[PDB]
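Chains as they are written, first to last, in the authors' numbering: chain F, 23 to 102; chain B, 22 to 102; chain A, 33 to 134; chain M, 7 to 42, 57 to 131; chain G, 13 to 118; chain H, 28 to 122. C-beta: ideal position from N, C-alpha, C; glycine also. Here the structure is laid out as structure tokens; the discussion comes afterwards.
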Amino acid sequence: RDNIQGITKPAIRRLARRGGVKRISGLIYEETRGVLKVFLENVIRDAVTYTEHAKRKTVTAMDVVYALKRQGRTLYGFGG
Amino acid sequence: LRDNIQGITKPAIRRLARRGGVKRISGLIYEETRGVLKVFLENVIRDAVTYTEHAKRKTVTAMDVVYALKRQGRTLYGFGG
Amino acid sequence: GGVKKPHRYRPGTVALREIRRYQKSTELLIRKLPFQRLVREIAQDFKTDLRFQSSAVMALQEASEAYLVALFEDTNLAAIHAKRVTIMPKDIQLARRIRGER
Amino acid sequence: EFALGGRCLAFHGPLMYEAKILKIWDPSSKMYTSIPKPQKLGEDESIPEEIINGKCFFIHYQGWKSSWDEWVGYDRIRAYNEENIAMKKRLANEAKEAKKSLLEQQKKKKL
Amino acid sequence: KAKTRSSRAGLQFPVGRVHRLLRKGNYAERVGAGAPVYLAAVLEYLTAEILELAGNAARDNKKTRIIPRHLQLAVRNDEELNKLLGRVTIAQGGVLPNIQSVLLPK
Amino acid sequence: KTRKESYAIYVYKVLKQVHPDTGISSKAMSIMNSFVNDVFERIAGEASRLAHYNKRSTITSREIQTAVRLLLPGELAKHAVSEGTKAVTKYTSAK
């Protein structure tokens, strides 16, 4: 919605810069935002499904890394 | 038996790649695709012989094969679950 | 005067024709006995004198063919990526890299 | 001479080609011998009448498929000997000169 | 007269065996009665959609019996199974008949 | 003992329920048996996990759902939840 353009072009460059990328096309940014959202709805769909399983109405960092665990990736320092 | 990796004639590696839908083949592929095999089969056969000797068995079982494939992320169907 | 020329399908015609024929075949490609041996020499330094069931080889070959053909479509995509129709050793190195096993 | 399965050099247009003799035909007996035994012509088998009165050989061109297999008489067939091989080289040189003349006329057509 | 749990649930997949599996599987300290019923209900569905797509493949390949080539066409033509079972290779399946456009003749 | 246990006649009957005219060969049938076994283990394992996360102790029909919806991709999911819910509804109605 409004926050999907909130992932800004320098921030995408900063991700690319952290990623070692020197030159970036102008068409990278919007479809990279799309790849970001498809990843976000997938992970948060799993995380929220874990959340209403617990009779809960907030999602937790524990549930996030738990969804990540299902998806395959693990995060540390955020519980779990 | 030794160096039977060559047993897969280039004719064959190509049939597979042909199965893959490629048109042309580079010349130094054949050592390398075969290499993708020596290393792939060695880790597969390591997991399989691990299950073999752990299960007190002296015959490598097709069960143990699909079991090891289930573990490494290259699972197979049609040989028991 | 008029000298003969043989009937030869052009470079690529024969290619795509056997592509359609092989993408309809389910039969295994790598031959059975050549493959079976591929294993018995690999399973030597792990342990000597193994026996193998009459299914394990078939499972491990057809499995290898599945792994190799799945590597081969994205190898084809990597070759098309550089606007080429020839695949190269760099293509499968990149494939195995991006799967995360190089 | 000529033998079953032996080498031979034969006409084909203006040029010489190597061939295998698979059958030997005798005009008097209306019969031919073959290789895997005398036998007559089959239902679908026939020989052109220009040569069928002379001694024919069914021949297979080397490096070319069975669709080129044909019956040839003494006019079109010769034994595989050094004289025939040498005149085969000579006619190969004639074909080379024809190809060179083709190259010259096309490069003059380009200009 | 003893009736089966499947006919109670209106299914052809058996509740009994899958309860015996869920229990021996030790998934939790106690398994309830409705969990194997729901489990058999979902398994028959996913065994059915896959069988109905295989039957469509067999009709299109004009065969009177299911062959794993039909199963492969069923699992690969459906994109939802393609990330359910794109992780999965099956026996004697082959690949989809796909040619990249740049490989076509001009 | 000798007895080996698989979903042969059950998948055969649901096939006849879908198509009462179509055969099956034995190795495609092993494809089906291993496939239902694998999806059963995925759905049951996730369920076991959910439970152990929620500090529960029992595999309720609920877990199998959170699971079926957590594992199977969406399209298959909502239909699987629908058929499982009507199946357990039939089970409780017939007691």
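Among the residues of its own chain, which have a CB less than 6 Å from the CB of residue i, if the five just before and after it don't count?
i: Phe17(M); result: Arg96
i: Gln68(A); result: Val89
i: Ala83(F); result: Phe100 and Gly101
i: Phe78(M); result: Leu28, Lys29 and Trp91
Report the CB separation of residue i from residue j in whole angstroms; it is logged as a contact under 8 Å.
i: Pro43(A); j: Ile50(B); result: With 8 Å as the limit, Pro43(A) and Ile50(B) do not qualify as a contact, their Cβ atoms being about 18 Å apart.
i: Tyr118(H); j: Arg20(G); result: 6 Å
i: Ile124(A); j: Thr54(B); result: 7 Å
i: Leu58(G); j: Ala55(H); result: Not a contact, Cβ separation roughly 16 Å.
i: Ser75(H); j: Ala40(G); result: 6 Å
i: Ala104(H); j: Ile70(H); result: With 8 Å as the limit, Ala104(H) and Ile70(H) do not qualify as a contact, their Cβ atoms being about 11 Å apart.
i: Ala25(M); j: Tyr94(M); result: The Cβ separation is near 14 Å, so there is no contact.
i: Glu92(G); j: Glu102(H); result: 4 Å
i: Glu97(A); j: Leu61(A); result: 6 Å
Starting from residue i, follow the beta strand (DSSP E) in both directions and report where the run begins and ends.
i: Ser86(A); result: That residue, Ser86(A), is in no beta strand (DSSP E); it is neither H nor E in DSSP.
i: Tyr81(M); result: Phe77 to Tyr81
i: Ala16(M); result: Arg13 to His18
i: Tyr38(M); result: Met37 to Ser40
i: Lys29(M); result: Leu21 to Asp32
i: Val81(F); result: No beta strand (DSSP E) holds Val81(F); DSSP gives it neither H nor E.
i: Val92(M); result: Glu90 to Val92
Name, please, each residue of chain H whose Cβ falls closer than 7 Å to the Cβ of residue i.
i: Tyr98(B); result: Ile58, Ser61 and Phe62
i: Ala69(G); result: Neighbours of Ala69(G) on chain H: none; closest Cβ ~11 Å, over 7 Å.
Using a Cβ cut-off of 9 Å, pull out every chain B residue sitting near residue i, in sequence order please.
i: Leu100(A); result: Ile34, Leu37, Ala38, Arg40, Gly41, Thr54, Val57, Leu58 and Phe61
From what residue to what residue does the alpha helix (DSSP H) around residue i run?
i: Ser109(H); result: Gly101 to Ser120
i: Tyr100(M); result: It is not in any alpha helix (DSSP H) - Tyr100(M) carries neither H nor E in the DSSP assignment.
i: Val107(G); result: Note, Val107(G): premise wrong, no alpha helix (DSSP H); not H, not E.
i: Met120(A); result: Run containing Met120(A): none; DSSP gives neither H nor E here.
i: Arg23(B); result: It is not in any alpha helix (DSSP H) - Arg23(B) carries neither H nor E in the DSSP assignment.
i: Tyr37(H); result: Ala35 to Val45
i: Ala14(G); result: Element bounds for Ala14(G): n/a, residue is neither H nor E.
i: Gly72(H); result: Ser53 to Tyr80
i: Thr96(B); result: Counting along the chain, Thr96(B) falls outside any alpha helix (DSSP H), and DSSP gives it neither H nor E.
i: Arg45(B); result: It is not in any alpha helix (DSSP H) - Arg45(B) carries neither H nor E in the DSSP assignment.
Could you list which residues in chain G have their beta carbon closer than 9 Å to that of residue i, in chain order?
i: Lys44(B); result: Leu115
Residues of chain H with CB under 8 Å from residue i, in chain order?
i: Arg20(G); result: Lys117, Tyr118, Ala121 and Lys122
i: residue 146(F); result: Chain F is shown from 23 up to 102; residue 146(F) falls before or after that span and cannot be answered.
i: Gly46(G); result: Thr87, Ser88, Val115, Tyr118 and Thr119
Starting from the beta carbon of residue i, find every residue of chain G whose beta carbon is closer than 8 Å, and list them in chain order.
i: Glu94(A); result: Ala103 and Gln104
i: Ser57(A); result: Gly106
i: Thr49(H); result: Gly67, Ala70, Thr76, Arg77 and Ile78
Keeping to the same chain, check which residues put their C-beta closer than 7 Å to that of residue i; ignore five residues upstream and five downstream.
i: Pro80(G); result: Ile102, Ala103, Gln104 and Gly105
i: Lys60(M); result: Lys36 and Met37
i: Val87(F); result: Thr96, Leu97, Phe100, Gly101 and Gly102
i: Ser34(M); result: none
Once the 5 residues before and after residue i are set aside, which same chain residues still bring their CB inside 8 Å of it?
i: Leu42(H); result: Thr49 and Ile51
i: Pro100(H); result: none
i: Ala53(G); result: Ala21, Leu23 and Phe25
i: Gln93(F); result: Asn64, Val65 and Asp68
i: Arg77(G); result: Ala70
i: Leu34(G); result: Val43, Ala47, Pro48 and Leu51
i: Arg72(A); result: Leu82 and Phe84
i: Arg35(B); result: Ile46
Below 8 Å on C-beta distance, what does residue i contact in chain B?
i: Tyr54(A); result: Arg36, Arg39 and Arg40
i: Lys54(H); result: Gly99
i: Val100(G); result: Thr96 and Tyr98
i: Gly44(A); result: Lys44
Below 8 Å on C-beta distance, what does residue i contact in chain A?
i: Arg81(G); result: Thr58
i: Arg23(B); result: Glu73
i: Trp84(M); result: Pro38
i: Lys79(B); result: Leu82 and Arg83
List the residues of chain A whose Cβ lies closer than 9 Å to the Cβ of residue i, in chain order.
i: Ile111(G); result: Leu48, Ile51, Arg52 and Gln55
i: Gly102(B); result: Correct list: empty, because the minimum Cβ distance to chain A is about 13 Å.
i: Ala76(B); result: Per Cβ cutoff of 9 Å: no residues; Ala76(B) is ~12 Å from chain A at best.
In chain M, which residues lie with their C-beta within 7 Å of the C-beta of residue i?
i: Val35(A); result: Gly19
Show which residues of chain A have a CB atom less than 7 Å away from the CB atom of residue i.
i: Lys91(B); result: Near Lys91(B) there are no residues of chain A at all, since even the closest Cβ is about 11 Å away, more than 7 Å.
Under 7 Å, CB to CB, which of the residues in the segment 85-111 of chain H have a partner in chain F? Under the 7 Å Cβ criterion, the segment 85-111 of chain H contributes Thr93, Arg96 and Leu97.
Output, in sequence order along the chain, the residues in the segment 33-44 of chain H whose CB is closer than 8 Å to any CB in chain G. Contact annotation: in the segment 33-44 of chain H, residues whose CB is within less than 8 Å of a CB in chain G are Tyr34, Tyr37, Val38, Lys40, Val41, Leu42 and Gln44.
By the 7 Å beta-carbon criterion, what residues does the segment 104-126 of chain A contribute toward chain G? Flagged, chain order: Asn108, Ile112 and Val117.
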